[PDB]
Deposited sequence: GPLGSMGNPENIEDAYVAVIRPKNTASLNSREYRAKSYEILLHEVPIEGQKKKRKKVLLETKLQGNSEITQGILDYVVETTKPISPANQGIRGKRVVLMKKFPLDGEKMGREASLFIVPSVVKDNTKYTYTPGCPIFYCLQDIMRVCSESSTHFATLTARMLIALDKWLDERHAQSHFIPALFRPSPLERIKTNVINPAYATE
């Protein structure tokens, strides 16, 4: 039900090292069918939506990441350090960060072949 969003953009990307100064951040909140269409409509009103982690409260709040094109080096408390850690690891995976910031399906589709036996 409960949601949170961290929007990030670069100034790299294919880089081997994670530099937090290479990336900037804008956390938003919305409640709840369509999840992918949901968050993306909310962002533009105020590339993809990536569920990272869930955080228990002692009943859990979700953290999503929205890649795009306030500096992170200069910088809710539980979520920021988790994002810094998460990015530190995954930047040392290769193709991961480039895949995170890649264009939309529509910018990438080349051919679409359908079987006429499944029509209407």
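J.: What stretches of this chain's deposited sequence are missing C-alpha coordinates?
T.: Missing C-alpha atoms (numbering from 1) occur across the ranges 1-12, 24-26, 42-57, 64-66, 81-93, 106-110, 122-137, 144-157, 203.
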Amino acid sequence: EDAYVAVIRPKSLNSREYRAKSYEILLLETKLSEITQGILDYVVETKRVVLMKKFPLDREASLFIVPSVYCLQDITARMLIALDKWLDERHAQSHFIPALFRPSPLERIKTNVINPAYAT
From here on, numbers count along this sequence of modelled residues.
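J.: Out of 108-116 and 94-102, which one has CA B-factors that are higher on average in the deposited record?
T.: The stretch with the larger average C-alpha B-factor is 94-102.
J.: Looking at 57, 65, 69, 87, which has the highest CA B-factor as recorded?
T.: That would be 57, according to the entry.
J.: Taking the entry's C-alpha B-factors for this chain, is residue 80 in the lowest, middle or highest third?
T.: Middle third.
J.: Which third, lowest, middle or highest, does the CA B-factor of residue 49 fall in along this chain?
T.: Bottom third by C-alpha B-factor.
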